[PDB]
Amino acid sequence: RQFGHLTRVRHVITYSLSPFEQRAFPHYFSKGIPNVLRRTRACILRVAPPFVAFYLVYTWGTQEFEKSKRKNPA
Amino acid sequence: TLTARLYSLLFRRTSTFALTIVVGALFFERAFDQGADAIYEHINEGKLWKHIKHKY
Amino acid sequence: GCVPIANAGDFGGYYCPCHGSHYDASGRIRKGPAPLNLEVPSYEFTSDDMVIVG
Amino acid sequence: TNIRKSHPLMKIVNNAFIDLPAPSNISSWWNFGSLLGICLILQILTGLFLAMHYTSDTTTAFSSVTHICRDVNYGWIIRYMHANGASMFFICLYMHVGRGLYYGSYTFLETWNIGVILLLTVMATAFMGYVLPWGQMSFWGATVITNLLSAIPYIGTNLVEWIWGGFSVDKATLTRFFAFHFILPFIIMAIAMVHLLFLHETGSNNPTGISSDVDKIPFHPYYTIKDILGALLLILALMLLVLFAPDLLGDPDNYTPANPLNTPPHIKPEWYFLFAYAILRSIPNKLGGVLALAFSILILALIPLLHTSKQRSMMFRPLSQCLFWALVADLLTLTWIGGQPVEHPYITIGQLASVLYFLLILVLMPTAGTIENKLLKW
Amino acid sequence: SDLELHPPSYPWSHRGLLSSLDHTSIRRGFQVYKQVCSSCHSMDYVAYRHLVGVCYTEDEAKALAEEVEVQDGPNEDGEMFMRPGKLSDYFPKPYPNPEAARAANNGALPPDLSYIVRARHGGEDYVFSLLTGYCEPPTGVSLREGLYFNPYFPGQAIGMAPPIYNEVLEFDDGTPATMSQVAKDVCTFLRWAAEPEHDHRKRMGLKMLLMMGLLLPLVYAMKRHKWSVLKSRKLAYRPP
Amino acid sequence: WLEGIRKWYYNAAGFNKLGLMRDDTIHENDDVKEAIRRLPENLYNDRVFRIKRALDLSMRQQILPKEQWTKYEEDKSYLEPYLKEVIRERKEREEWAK
Amino acid sequence: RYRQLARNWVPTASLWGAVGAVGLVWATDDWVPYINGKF
Amino acid sequence: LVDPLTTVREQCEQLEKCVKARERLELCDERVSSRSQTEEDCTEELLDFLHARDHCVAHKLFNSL
Ligand SMILES: CCCCCCCCCCCCCCCCCC(=O)OC[C@H](COP(=O)([O-])OCC(O)COP(=O)([O-])OC[C@@H](COC(=O)CCCCCCCCCCCCCCCCC)OC(=O)CCCCCCCCCCCCCCCCC)OC(=O)CCCCCCCCCCCCCCCCC
Ligand SMILES: CCCCC/C=C/C/C=C/CCCCCCCC(=O)O[C@H](COC(=O)CCCCCCCCCCCCCCC)COP(=O)(O)OCC[N+](C)(C)C
Ligand SMILES: CCCCCCCC/C=C/CCCCCCCC(=O)O[C@H](COC(=O)CCCCCCCCCCC)COP(=O)(O)OCCN
Ligand SMILES: CCCCCCCC/C=C/CCCCCCCC(=O)O[C@H](COC(=O)CCCCCCCCCCC)COP(=O)(O)OCCN
Ligand SMILES: CCCCCCCC/C=C/CCCCCCCC(=O)O[C@H](COC(=O)CCCCCCCCCCC)COP(=O)(O)OCCN
Ligand SMILES: CCCCCCCC/C=C\CCCCCCCC(=O)O[C@H](COC(=O)CCCCCCCCCCC)COP(=O)(O)OCCN
Ligand code: HEC
Ligand code: HEM
Ligand code: HEM
Ligand SMILES: CCCCCCCCCCCCO[C@@H]1O[C@H](CO)[C@@H](O[C@H]2O[C@H](CO)[C@@H](O)[C@H](O)[C@H]2O)[C@H](O)[C@H]1O
Ligand SMILES: CC1=NC2=C(COCC2)C(=O)[C@@H]1c1ccc(Oc2ccc(OC(F)(F)F)cc2)cc1
């Protein structure tokens, strides 16, 4: 299937502008920083929790290996 | 504007845009090599053979 | 992996100089790191005074 | 009329990479396919150059490689590239597989299983390549791993000895691994051709998981520019390693020639196999460990049947998203464990991580799909 | 045994990302190998030629080569002879095989030094702290004899006698030959021996970083331009 | 209650933020294909649009204003009737062929 | 009903199972007389 | 001729952190020294001593080379 019979669409208007009429980076920081924050707040409670737990299991288990290699008074 | 001058002079004809790029790469190669080299050899003053070779 | 020295060790069999292991005359690891005993291969005693290892 | 559309050869290239209707909204996660192609070309070129200088005799091999690094012109950069290249390939591979899982791309069954095979094939390739220098790790790594096939009852011993071509990993094994390592990338190229051929039947998935026929765009120039950008970033990365940190991802024992009499303190394979090493090491029994190792990879093939969600992609599946990232972190943990010596606490961390892995794929994420379904009144 | 003391991190003149090896230090460090280490330890991957352009002029290197006796291939009669070394000869093996080396060292084989920096975790930091790390056993420790106490070695019992101490050699440049100074210099040479490319690679690193500084925003800008058509577009649904 | 969780989940899912309705997100197997195919002009073009909209937003890594988000209460199952019947039909042909 | 009233591939897959058995046994090389029965 | 390393080692042993591991070594010397039948050594306490000294040494030593 190629452009021409992909699907059937009715009543939709697409307006756009030549790249040479426009800025490459419209309001890049003023819109973009807020947007990136928004994006991160959205995902961090899904993504970050596991990696926290990794860091912890790795912290703990690395130091449990430390301790067990030492001597204790007995 | 400068860019206007450049467009009409160099970039409009595609044969010319190419001729620009090969010639500019030539001067860029020489320039960039020479400058980055000097940057490295100043960052590493004294430590290179080419800095100490006068002694032998 | 080093070569045990024969007729030596706490167990009068094999003592590794390396990480200090002690094999008996049976080759069995007695005192040291060496995970398991010495490696017992496949032999057959062809003649009364001949042996084949392989 | 127009050559790009008619000519038998150009038509294909046009249909494949210029006028291909791509979704408007594929993310950076769809970069990886092209990048994998680059990885593959990269290895073949750097590989070919190395092979003009290397020898696969036990006696000459270690030194022939170091000869590349000392006396061949630019041999050093080429060699380090082919080695960091192998890492970049596995990064690209695991990212690529990630996207498959999260966005439900695996619904494209033929594409997907070809892909599993690509993975296996690249795995074989890199396993055998790592042996080629004949360092301590190369040798003892290849020995331990190939020996697992000994645990196959009835035929194990015979089978491993036939692979070796003798009674240990020795002269005959290295020479044949060189041969295999050379021809395998070629076969990978064809399989990859086919991988694409099937993808081109459906076109691409996208992050919404929702059909995108109402908003496709010609591949060129949107995705030509974007792949190039990605390739730059891959090159940035590759060369950062080669030029700043060439040994960062390797083991130093591989600078010590292979010695059949002195076993290294900790034997590990390359990092890209560590998760599977750790699963294998968790099982007491040796055939158990083998079948677990095989299943940790082949399970990829089953994931299509384990899909429960009425939605294709995890974009709108919060519970599934959490579980997905759990699996990812677990694989980071499995990797950590696999790089560690078999002692407390790591033995038990590893066992847990191994359980968690299979638990997630076979029970938890299926369930979550279903819980989500009920939360949506379907 | 099965303990720690992993090396601390000494601020080598070549630790820095864009920092080259100190070539004067390499020259001194060669001397340290030549006069001290080369009695026990091979370095099979260096030839006299490799010193040229690095720490020795071409004829200086030739002088150093001529100083050694090397065997050469069969003459007319079909006999082996000895000759003076050339640039083309590799730095000579101190014994004709490993078993010979063992007999001479109480059964321990001294590792070749070609890659030693590279084939030990910690590299220069490890090796430096090894040479300068020799101490008297702690209370309760008794080592088999001819194995020495060194906290930086695996197991702490090393079959190498402390090879390094003040005025152990004389420096061409006349730098104060203190123990720490000679351990630094030999380490520097040992890094170079393991990785001749260190300087070239670091130069390229710089040029790669520079080109990428140009090319990454450039191509990124190209991307945004093409895609601006799409980024800007506004959609309108208009059923009758 | 059950409904308290379902409402939280809906907002978490977040398809509403792109102005999609639940039925827009259903993965298209053969049954679903057919249900869509039986949609009347109004309902079909509406879907076409909602998805154009969402896809264009996905591209931009953007969402709608909250004012514009699909409300939990207002989200009708436009597709279920068409689909329930497509499936009833299939189940029938299955039955028959045994 | 009508599948189960298939199961006509059971006697055909019986003969295909002997082809699989005998085939693996031929390709791989005692109690068959003559052939290998007399090594 | 004085090795600047033996200088700096002495300077580093001044530090508070070092003195604490020095105490740990002292206590262990008594303990192992005074018994005739047990199996302890003081490797552990020595090693963490050297660790504290040597991280200190590293910072300073190189200046004077
Ligand atoms: C308590 C103390 C101890 C701490 C431990 C505890 C941990 C607690 C914290 C939790 C940490 C774990 C959770 C992860 C982070 C939180 C979530 C998050 O990432 O939110 C992003 C979140 C995701 O957005 P979204 O819309 O929800 O979904 C993303 C889309 O799917 C697609 O987005 P798109 O299509 O718009 O494309 C852009 C996208 C593209 O995303 C991708 O393609 C993914 C990967 C590519 C990165 C981006 C392209 C740049 C190329 C990178 C490589 C080039 C060389 C540089 C050197 C590499 C560095 C080592 O870029 C990103 O999203 C950046 C995230 C990349 C994260 C990579 C993870 C690091 C690996 C570490 C492994 C652990 C071992 C360490 C060993 C060290 C190494 C030897 O959104 C944003 O932040 C906005 C996205 C736009 C980017 C903003 C600006 C960043 C610049 C990007 C380029 C550089 C990225 C850095 C890469 C490597 C750094 C090391
Ligand atoms: C000479 C011997 C070489 C043998 C191998 C063959 C190589 C081909 C070319 C080599 C010489 C370099 C000259 C380049 C020709 C000029 C390119 C061009 O002519 O076409 C550009 C494509 O390049 C772009 O995008 C470029 C952006 C992406 C980066 C790709 C650039 C390729 C670099 C050339 C490699 C040189 C090989 C050296 C090997 C020793 C088109 O871009 P635009 O659509 O904005 O222009 C619009 C047209 N206007 C401006 C004239 C109105
Ligand atoms: C789906 C059901 C799941 C059940 C699985 C339970 C286990 C029983 C299965 C047994 C069959 C095993 C044959 C496949 C090999 C799997 C192991 C594997 O990944 O081997 C690769 C080589 O790839 C190779 O050897 C493969 C190269 C090309 C061969 C193509 C194989 C076709 C299968 C694909 C299925 C879609 C080597 O990786 P390693 O070096 O061992 O990894 C190092 C880890 N320490
Ligand atoms: C035998 C194979 C075994 C199984 C394969 C496992 C795969 C290994 C994993 C590698 C990473 C795969 C990436 C998965 C797809 C990314 C999905 C994603 O980007 O999700 C983001 C959050 O992003 C983020 O937060 C992006 C951060 C990326 C995190 C880096 C990954 C760490 C590497 C671990 C290596 C062992 C949310 O995006 P969406 O739901 O699309 O919504 C977009 C906004 N509306
Ligand atoms: C069919 C043609 C293929 C060409 C591929 C096009 C590459 C497109 C991307 C380029 C990335 C830009 C960064 C490159 C930095 C180049 C800087 C530079 O001059 O470095 C080179 C080494 O760099 C390097 O060697 C760095 C090069 C990194 C490119 C690796 C990617 C391609 C893999 C090649 C594997 C076969 C040599 O510098 P010097 O030795 O000082 O030589 C002085 C000048 N002649
Ligand atoms: C035997 C050994 C065990 C150790 C295992 C170690 C490795 C994995 C460990 C931990 C991962 C836990 C992930 C839980 C975080 C989920 C809760 C949360 O923080 O975020 C929820 C997401 O909702 C939701 O997703 C709803 C909550 C449902 C989450 C399911 C938790 C299952 C995680 C897997 C545990 C193995 C809310 O966040 P958003 O909806 O993004 O909105 C944010 C603003 N409210
Ligand atoms: C013979 C008296 C020697 C001289 C002179 C030098 N070294 Fe040595 N070294 C020797 C032996 C027998 C061994 C093996 C030690 C063992 O425990 O088995 C070594 C070892 C080294 C090592 C390896 C450290 C490790 O982790 O394995 C290094 C880095 C080393 N030697 C360096 C070295 C240097 C720099 C010398 C001159 C300054 C030097 N050695 C002299 C025997 C002898
Ligand atoms: C998927 C593609 C490939 C991968 C993943 C790959 C992987 C590897 C790996 C991991 C090594 C060990 C690198 C090292 O640490 O030294 C290696 C070495 C080698 N590879 Fe490949 N390789 C690939 C393709 C090729 C091809 C096509 C050739 C030759 C035609 C080749 C030739 C070599 C040679 C000669 C070596 C030995 C030199 C060296 O160790 O660097 N490779 N390969
Ligand atoms: C040599 C290795 C591989 C190469 C060269 C390769 C190549 C590609 C390319 C070019 C694409 C299209 C671009 C993209 O969507 O990223 C792609 C897509 C895909 N590949 Fe791969 N691939 C490889 C390995 C794999 C593996 C291992 C899997 C799965 C285990 C896989 C599954 C897929 C899937 C499902 C898609 C479709 C993604 C989508 O459209 O959403 N591939 N591959
Ligand atoms: C918590 C109880 C209080 C007393 C113990 C306190 C110490 C901390 C808890 C762990 C105790 C160590 O005791 C135990 O040792 C064994 C042997 O290495 C390891 O455990 C492992 O044993 C073997 C390893 O070959 C595996 O078959 C087994 O499946 C696994 O659990 C763990 O390290 C730990 O479960
Ligand atoms: C076809 C294709 N469809 C889609 C996407 C993205 O998603 C939409 C579909 C793509 O990114 C791509 C793609 C794939 C490879 C590529 O560059 C090559 C080509 C060939 C090559 O060598 C090889 F051996 F493989 F032939 C190495 C890299 C460029 C583009």
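- In its metadata, the entry names X-ray crystallography as the structure determination method and reports 3.522 Å as the resolution.

Re the overall build of chain D
Right, so step 1: Helix and strand counts for chain D come out as 14 helices and two strands.
Right, so step 2: Expected size for 378 residues packed as a compact globule is a radius of gyration near 21 Å; at 22 Å, chain D falls within 12% of this value.
Right, so step 3: Projecting the C-alpha coordinates of chain D onto the three principal axes gives extents of approximately 65 × 55 × 40 Å.
Right, so step 4: Considering only intrachain contacts with a sequence separation of at least 6, the fraction spanning at least 24 residues in chain D is 78%.

Points about the coordination of the iron atom of ligand 8
All names here are of chain D.
Right, so step 1: Around the iron atom of ligand 8, the protein supplies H82 (NE2) and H181 (NE2) as donor atoms, at distances of 2.0 Å.
Right, so step 2: In this structure, the iron atom of ligand 8 is surrounded by six donor atoms whose angles at the metal cover 83 to 178°, and the resulting shape is octahedral. Remark: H181 occurs in helix α9 (residues 171–202) and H82 occurs in helix α5 (residues 75–103); sequence separation between them is 99 residues. Both residues of the pair, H82 and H181, count as buried.

Some thoughts on the coordination of the iron atom of ligand 9
Residues and elements named next belong to chain D.
Right, so step 1: In the first shell of the iron atom of ligand 9, the protein supplies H96 (NE2) and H195 (NE2), at 2.0 Å from the metal.
Right, so step 2: The coordination sphere of the iron atom of ligand 9 comprises six donor atoms, whose angles at the metal cover 86 to 178°; the geometry is octahedral. Of this pair, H96 sits in helix α5 while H195 sits in helix α9, placing them 99 residues apart in sequence. We note that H96, like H195, is buried.

A few points about the site of ligand 7
All names here are of chain E.
Right, so step 1: Ligand 7 sits among 23 residues. The nearest are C37, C40, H41, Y126 and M160.
Right, so step 2: In the model, an oxygen atom of ligand 7 is placed 3.1 Å from a nitrogen or oxygen of the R120 side chain.
Right, so step 3: Contact between ligand 7 and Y126: an oxygen atom at 2.4 Å from a side-chain N or O atom of the residue.
Right, so step 4: The biggest single contributor to the shell around ligand 7 is helix α4 (residues 123–131), with four residues.
Right, so step 5: For the shell around ligand 7, the per-class residue count stands at 18 nonpolar, four polar and one charged.

Quick word on the site of ligand 10
Residues and elements named next belong to chain D.
Right, so step 1: Around ligand 10, the surrounding shell consists of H344, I347, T348 and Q351.
Right, so step 2: A distance of 2.8 Å separates an oxygen atom of ligand 10 from a polar atom in the side chain of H344.
Right, so step 3: Within the side chain of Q351, one N or O atom sits 3.0 Å away from an oxygen atom of ligand 10.
Right, so step 4: Considered on its own, ligand 10 offers 730 Å² of accessible surface; in the complex 25% of this is hidden by protein.

As for the UniProt feature "disulfide bond" in chain C
Residue and element names in this part refer to chain C.
Right, so step 1: Where 2.5 Å serves as the upper bound for a disulfide, the S to S distance of 2.1 Å between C2 and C18 confirms the link that UniProt reports. Taken as a pair, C2 in the segment before β1 (5–6) and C18 in the loop between β2 (14–15) and β3 (22–23) lie far apart in primary sequence, 16 residues in all.
Right, so step 2: Overall, the relative accessible area of 36% leaves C2 in the partly exposed class.
Right, so step 3: Note on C18: relative accessible area 39%, which makes it partly exposed.

What about the interface of chain D and chain E?
Right, so step 1: Contacts between chain D and chain E engage 34 residues on the former and 37 residues on the latter.
Right, so step 2: Only α4 (61–70), α5 and α10 (219–244) of chain D provide two or more residues apiece to the side of chain D that touches chain E.
Right, so step 3: Per-element tally for the side of chain D that touches chain E: the top contributor is α10 of chain D, with 16 residues.

Details of empty space enclosed by the protein
Residue and element names in this part refer to chain D.
Right, so step 1: Roughly 190 Å³ of volume is contained in the largest cavity.
Right, so step 2: If you trace the largest cavity, you find 13 residues lining it, with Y106, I303, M314, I361 and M365 closest to the centre.
Right, so step 3: For the lining of the largest cavity, the element with the most residues is helix α14 (residues 346–375), which contributes three residues.

The rules behind these values
Residues numbered from 1 in each chain as written, not as in the entry; some residues may be left out. Chains lettered and ligands numbered in written order. Part of a larger assembly, values for the part shown. Heavy atoms only, no water. Residues with missing side-chain atoms left out of burial classes, pairs and counts. Helix = DSSP H or I, 4+ residues; strand = E, 2+ residues; numbered from the N terminus. Rg over C-alpha atoms; globule rule 2.2 N^0.38 Å. Contact = heavy atoms within 4.5 Å. Donors = N, O, S within 2.8 Å, 3.2 Å for Na, K, Ca; no water. Tetrahedral: all angles 85-135°; square planar, octahedral: opposite > 155°, others 65-115°. Buried < 20%, exposed > 50% of the residue type's maximum accessible area, 1.4 Å probe, protein only. Near = heavy atom within 4 Å. Polar contact = N/O pair within 3.5 Å; in protein donor to acceptor, adjacent residues only side chain to side chain. Nonpolar A, V, L, I, M, F, W, Y, C, P; charged D, E, K, R; others polar. Areas by Shrake-Rupley, 256 points an atom, 1.4 Å probe, with all protein chains shown as cover. Disulfide = S-S within 2.5 Å. UniProt positions renumbered as here; feature names shortened; annotations may be inferred. 1 Å grid on protein atoms, 1.4 Å probe; cavity = no way out; pocket = protein on both sides within 12 Å on 5 of 7 lines; lining within 4 Å. Points joined across faces, edges and corners; volume = space filled by probe spheres on them.

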